[PDB]
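In: In their complex positions, the first chains:
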Amino acid sequence: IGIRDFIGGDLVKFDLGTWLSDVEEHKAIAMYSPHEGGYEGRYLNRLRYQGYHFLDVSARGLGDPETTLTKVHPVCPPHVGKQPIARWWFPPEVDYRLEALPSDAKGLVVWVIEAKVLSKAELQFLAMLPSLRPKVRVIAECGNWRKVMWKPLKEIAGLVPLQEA
Amino acid sequence: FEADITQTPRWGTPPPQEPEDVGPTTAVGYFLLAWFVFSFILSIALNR
Amino acid sequence: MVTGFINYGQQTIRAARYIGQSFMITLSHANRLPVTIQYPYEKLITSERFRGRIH
Amino acid sequence: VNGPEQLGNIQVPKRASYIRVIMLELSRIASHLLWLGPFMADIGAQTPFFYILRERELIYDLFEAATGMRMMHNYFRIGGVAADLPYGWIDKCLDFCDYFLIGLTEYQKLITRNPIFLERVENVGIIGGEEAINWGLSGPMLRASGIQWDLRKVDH
Amino acid sequence: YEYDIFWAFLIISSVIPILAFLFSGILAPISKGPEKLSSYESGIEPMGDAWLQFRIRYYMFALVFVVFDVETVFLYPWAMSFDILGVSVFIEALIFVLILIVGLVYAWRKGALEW
Amino acid sequence: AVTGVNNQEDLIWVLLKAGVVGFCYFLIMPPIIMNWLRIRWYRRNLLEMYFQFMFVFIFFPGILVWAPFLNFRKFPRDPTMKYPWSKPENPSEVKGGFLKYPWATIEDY
Amino acid sequence: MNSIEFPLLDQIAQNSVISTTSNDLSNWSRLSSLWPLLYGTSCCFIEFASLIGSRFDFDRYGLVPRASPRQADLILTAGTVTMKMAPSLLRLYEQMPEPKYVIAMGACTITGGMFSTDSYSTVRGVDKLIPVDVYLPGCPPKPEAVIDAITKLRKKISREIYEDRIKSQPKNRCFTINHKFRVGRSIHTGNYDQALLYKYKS
Amino acid sequence: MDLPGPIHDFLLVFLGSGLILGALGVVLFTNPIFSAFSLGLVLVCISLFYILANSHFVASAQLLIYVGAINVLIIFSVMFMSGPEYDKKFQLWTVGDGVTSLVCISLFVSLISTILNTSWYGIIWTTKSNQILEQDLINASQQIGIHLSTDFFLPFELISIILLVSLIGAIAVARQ
């Protein structure tokens, strides 16, 4: 395919109002971006302009995001043979950041990088997270594409039938 | 070792390095000489 | 005395030839296909015993 | 791996020894390449760095096919090696040798007689053989002073 | 006129770095710190401030260059008037070029041009 | 007019010729040049690369305008991926394992 | 409990055309020209060299290596940082002009790696010395993984606003006292192999 | 054959102010490097003055020769002086400078009381026949070439001898 494909993928498009309307209507959004990156900041920047504070979460070492994000979770710091095994308990990340945000902030946006490595049920929970926490928006890079396109995360995870764009 | 005469290396001859190609040298020299002679002739002819 | 100028001539043409040889050797690589793997649009398939993340 | 295996009198099988010789010579080729690169960069030519890397990547590919990693192979073991050579490695290494001979001829055509390279290199760092012996030099440093001293042929 | 364009071009060429400096001043941030303002000496802490004091025999070509610049400046008007006049200016400038060659030979033989 | 200028052309014809030159230089030729740079990027010899770079050097004032409004990002392997969330019909007709310069032809790019 | 706290700040700015697009274009310009420091210390630098070479190209992202810190945006710390080198590394980072970015490549730069256990001079991670933006795990990380870390760094760079500039300037607090220590001149004075033959002293 | 009037006078005033600043920097700087760099500003302003009057060849000759001279001067001031000495910075004032300041002020006043009292425009209208150029010599550099080659032959070879002997003496004196 060509014509439209080889015509401007410029970053001056007026998709930003639709992007903000979608991120307000659909709380959890799957995002697809150029492989070399750097064309996501135009869309996250305006979210940060509305008072949203970003929490960067890597999905590779996420480790069962239910108890990692919404519960106190046990983690063992790495001993190198010089110490006995210690079991530390870490606070729920998204809730700690939520209760520690300033009162003027619009909310918290969870930027889940490399969300393709998560399974189906983990993406289900990541899509249904804003229902449990009202002031949380979920953005998850579920892949790469020539141009930035976003979909509801419930549609990708399988809660909503995948309507043709 | 500076005052010792047995420290001078004596191991024969090294493996010779590849020989050299000299034909393109003469070709380049002929090209430049012809260029200079053509310059002489052209300057004399065009000046008149 | 003339032999000095002649030797200067032959040790100058040689340098020009070898400079042209370097130019030719380098510019002959313009006719060859690139070896560059265009990451991240292209990824090299790892070996059967590549040591990466633990499972 | 040959310190302790000599301490414990462990023998090495002939196939493992041949694999070790092949890998050592390949590593010597790679080390001489990635010496030639920074050397010509310090002289002033940056293109030979990429030119050596074009073939050092092939050496890395051979090592990763055999050992599992480009560098830090963890392939040599006490009394042998980690694993046998994979299927289709001999022909790949032979084709690499055939290509690398041509690449080395290209390197010698580009660099060896260059007038600027010679005039930067021809008469720097003259080391006597006696000084090379006394200073404890070895390898290409000691061998470039009239001394035919290689520990591969001395120690068998 | 053929030289008002020269003055306008010189003014514009001088203005351009001023515009670049002003744009950098109003665009780039300032985050100065005592470690940042230290002189760069490849990581290590610089010793005494710079200064090299070359040898004289190295920098003796400059005294040749001063004279040769004047000679090449003097050769230009003769070349401009070589066609209007004839062999007279050829004979005139032949001595100039010969003196230039003799001075170059003297500098070569005395070791002024040796490093 | 003034003494010194002689036989100057009419302004309307000069304007028309300059307009057609600008039309060919700013919005016609830079697209063909950048397409000739994108296609046949790996098929160049030394002469073709030299002429490509010469044409880019000449027409760069017209290419600097079109370049922000063009993307040349490489396309997916299968010609069925309409969307990044789309799945291939059968994942066997794709061609995987493109080779490179030591062991590849121009077909592998 | 090592807790976290947000300080008191004002409202940002809000803009329609000029400031927002200017910030976006500045971010994009700093995306595509992240010139590395050419800082090499140990074995990982070899893989860094493999990213300068032909098979994996630095030039596709821009990313031309610049020797001087003043011309470098990104410092890509490749190699173990010993006690003898860590002050030099921190100077080199400080001498780089703002905005500047740090990528800790290698396991020895994240937490010390193999030397995290018994080395008596290896700094266990440059996060104790310099603020690291992107951590790159792996002993000789694959050059593609280095490009991925640089891609993630670009992902974070493009998200910047003008407010982040006042997050970057140092607060610069100081406190000066007398020490009554013993002041001694430098041991390495530069005198080496000069008049060596007269230094026998039987 | 000139710039517009107000532009010409403004350029005169501006280049004069720059020349005054450069000369004051020359005679007030302790560092020979700083005063040499001020001398370079003086050289550039004087070349611009030459371009202003009519001298398009003398300006280029001034730029070339005097730029070589200042580059050599900076090199030999670096080579023949103590440490870089940014702290020297406007050498101190003595009585021996104060008396000479008065003497030079008196000399400048004596010169300017003559310059301001002489009608320089009156002399121009008397030298009418000296300002009728030959119509064939359009290029001013062509006229300067013709009048250097024909009118001044003896100084043209005397300067060659002078340059050769100066080169020889500079090499012989400065050699180690």
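Out: Great, that's in hand. Numbers count the residues shown, from 1 in each chain, chains lettered A, B, ... in the order given.

In: In chain E, what residue comes closest to chain G?
Out: Closest to chain G within chain E is residue E:43: 3.2 Å, counting by CB to the nearest CB. C-betas here are computed from N, CA, C, even on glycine.

In: And the nearest residue to that residue once chain neighbours are set aside, how close does it get to chain D?
Out: Leaving out its chain neighbours, the residue that sits closest to residue E:43 by CB to CB, 6 or more residues apart in numbering or on different chains is residue G:88, at 3.2 Å. Look at residue G:88 and chain D: by CB to the nearest CB, to the nearest Å, they are 21 Å apart.

In: pretty sure residue G:88 belongs to a helix, no?
Out: Yes: assessed with DSSP: H, G, I helix; E, B strand; the rest coil, residue G:88 lies in a helix.

In: Was I right to think it contacts residue E:41?
Out: No: using CB atoms under 8 Å as the test, residue G:88 is too far from residue E:41 to be in contact (9.8 Å).

In: Number of residues surrounding residue H:56?
Out: Burial measure for residue H:56: 16 neighbouring residues, criterion other CB atoms under 10 Å in any protein chain shown.

In: That one reaches residue H:140, doesn't it?
Out: Yes: with contact defined as CB under 8 Å, residue H:56 reaches residue H:140; the gap is 6.3 Å.

In: what about the closest residue to chain E within chain G, how many neighbours?
Out: Closest residue of chain G to chain E, CB to the nearest CB: residue G:88 (3.2 Å). Neighbour count for residue G:88, taken as other CB under 10 Å: 18.

In: include chain I as well:
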Amino acid sequence: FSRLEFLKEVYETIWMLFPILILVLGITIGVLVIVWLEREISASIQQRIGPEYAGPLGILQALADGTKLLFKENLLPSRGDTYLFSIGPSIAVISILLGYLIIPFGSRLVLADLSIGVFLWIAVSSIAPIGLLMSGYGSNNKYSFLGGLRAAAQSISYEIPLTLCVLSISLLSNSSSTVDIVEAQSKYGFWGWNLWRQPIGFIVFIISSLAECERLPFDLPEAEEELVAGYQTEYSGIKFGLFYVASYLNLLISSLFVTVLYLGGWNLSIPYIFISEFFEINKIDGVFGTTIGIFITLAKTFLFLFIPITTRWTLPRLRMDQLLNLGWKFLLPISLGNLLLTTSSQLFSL
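Out: So that you can see how it sits with the rest, here is chain I on the chains above:
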């Protein structure tokens, strides 16, 4: 104060400003082109791709570099002098930009056909090494000091053969104006180029211009392997970009002076042969003729832009002593002999 001629002169100042601004815009665009071309030629002869992601084919890479340097914090040395630090690169870029006033892209597409011509170009190009020395001294760095001294020595060595080579061409064309030189070449057409008549001056001019542009193998004041960055070691932000622009502008102006003085400029015709294409090209006059002349000048300039960009990435670099030896013992006597041969051949004309 006449308000009839004052408005006319204001509009005239506008109509001389307009060529200056379009030339300046094209000059900065050309610096962008030279950066992109050098990167892509290096990638091609090193079997790489080059800039690919900043724009379609790396077209916006140099623009991204320029805007990054604009947004990069301006860093001043605390130990050194601020005024010399700020003045140096500005002087270099001014003295390099001043040489573009006399370059003709057509018979009348020249900003100023000054009869002093190429001599003024040499005079203004002599000034930049003073700016380099100023940058070296003001930075208060040993590497910067060495780079400044090396730049001064390089300019001193290679100013004279270039001057004599330009003098020989001016003697052949009997005029210092660039338009006169190009037309004198265009009298005899393709055989009338000074490249064939003056080969020795051609080679010496190439070598001297490469040394003055400080391109490799004459990149000693900025040699990255010997000094960290040379005189640019302590320079950050927009000033390094200025010292980069000035270098690429010097390369472009040297290539333009190569195609003007030694090649035929905008001329492309062979009168001694029945070349239908060349005759039809030369038969066009007007707007199209000027456009074709600009095209020909740009192509001939790109040839001697391609050659030194290759030269940087092929040869090793010289040494300071060998640079001085080449400048003072191989180029200067040869240029003197070329001038003598030019005068002897020109004796036949009168």
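
In: back to the neighbour count of residue H:56, now that we've got chain I?
Out: A count of nearby residues for residue H:56, using other CB under 10 Å, gives 22.

In: For chain G, list the residues in contact with chain A, please.
Out: Residues of chain G lying close to chain A by CB under 8 Å from any CB of the partner chain are G:3-6, G:9, G:11-12, G:14, G:20-21, G:23-24, G:27-28, G:31-32, G:61, G:116-117, G:151-152, G:154-161.

In: and chain I, which of those residues contact it?
Out: Answer for the residues of chain G next to chain A near chain I (CB under 8 Å from any CB): G:28, G:31, G:32, G:61.

In: Where helices are concerned, which of the residues of chain G next to chain A count?
Out: G:20-21, G:23-24, G:27-28, G:31, G:151-152, G:154-157 (DSSP state H).

In: residue with max distance from the center of chain A?
Out: When distances to the mean C-alpha position of chain A are computed (CA atoms, centre = their mean), the maximum falls on residue A:82, with 37.5 Å.

In: so it makes contact with residue G:118?
Out: No: using CB under 8 Å as the test, residue A:82 is too far from residue G:118 to be in contact (9.2 Å).

In: before we move on, back to that, just the buried members of the ones in helices among the residues of chain G next to chain A?
Out: G:20, G:23, G:24, G:27, G:28, G:31, G:151, G:152, G:154, G:155, G:156, G:157 (16 or more other CB atoms under 10 Å in any protein chain shown).

In: So the second one sits against residue G:161, correct?
Out: The one in question is residue G:23. Yes: Residue G:23 lies in contact with residue G:161 (CB under 8 Å); the separation is 6.2 Å.

In: include chain J too:
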Amino acid sequence: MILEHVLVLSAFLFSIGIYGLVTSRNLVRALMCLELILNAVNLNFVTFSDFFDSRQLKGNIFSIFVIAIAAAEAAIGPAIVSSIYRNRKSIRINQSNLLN
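Out: Putting chain J onto the chains we already have gives this:
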């Protein structure tokens, strides 16, 4: 026009150069002030050639010769400076008063 102002500047330069010739504690600076004085003389010559000698250009030729002489002096010293620094390792001229 106000062309006579150039003359004024030349006179100023002369006086300033004269001042810099006397209070010079560095012989390189004294050489530079000699260049300043010769430059003032050259400014006078060039503006007088503009005023009265538009055809013969005798003032311009004299300016060229004065520039040549100034460069010859600038070549002879600092070679004299080189000899002085090689023999005494000091440049300050007022400190050398042996011959008195």
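
In: In light of the added chain J, please revisit the neighbour count of residue H:56.
Out: When neighbours are counted by other CB under 10 Å, residue H:56 registers 23.

In: quick one: which helix or strand includes the most centrally placed residue in chain F?
Out: Per CA atoms, centre = their mean, the C-alpha nearest to the average position across chain F is that of residue F:34, at 1.0 Å. Using DSSP states H and E, residue F:34 sits in helix F:29-38.

In: Show me what that helix is packed against.
Out: Where contact means 3 or more CB pairs under 8 Å, 6 or more residues apart in numbering or on different chains; DSSP states H and E, helix F:29-38 is packed against helix F:46-66.

In: does chain I sit close to stretch B:40-48?
Out: Yes: applying CB under 8 Å from any CB, one finds stretch B:40-48 touching chain I at B:40, B:42, B:43, B:44, B:46, B:47, B:48.

In: where does the residue most central in space within chain C sit relative to residue I:211, distance-wise?
Out: Centroid-nearest residue in chain C: residue C:26, 5.0 Å away (criterion: CA atoms, centre = their mean). Separation of residue C:26 from residue I:211 (CB to CB, to the nearest Å): 21 Å.

In: Ok, residue H:139 next?
Out: For residue H:139, the distance to residue I:211 equals 31 Å [CB to CB].

In: Of the two, give the one with the bigger neighbour count.
Out: Neighbours per residue (other CB under 10 Å) separate residue H:139 from residue I:211, with residue I:211 holding more: 25 against 20.

In: Summarise which helices and strands the helix or strand hosting that one is packed against.
Out: For residue I:211, the host element (DSSP H and E) is helix I:199-212. Using 3+ CB pairs under 8 Å, 6+ apart as the contact test, the elements touching helix I:199-212 are helix B:23-47, helix I:142-173, helix I:194-197, helix I:238-261, helix I:287-312, helix I:332-346.
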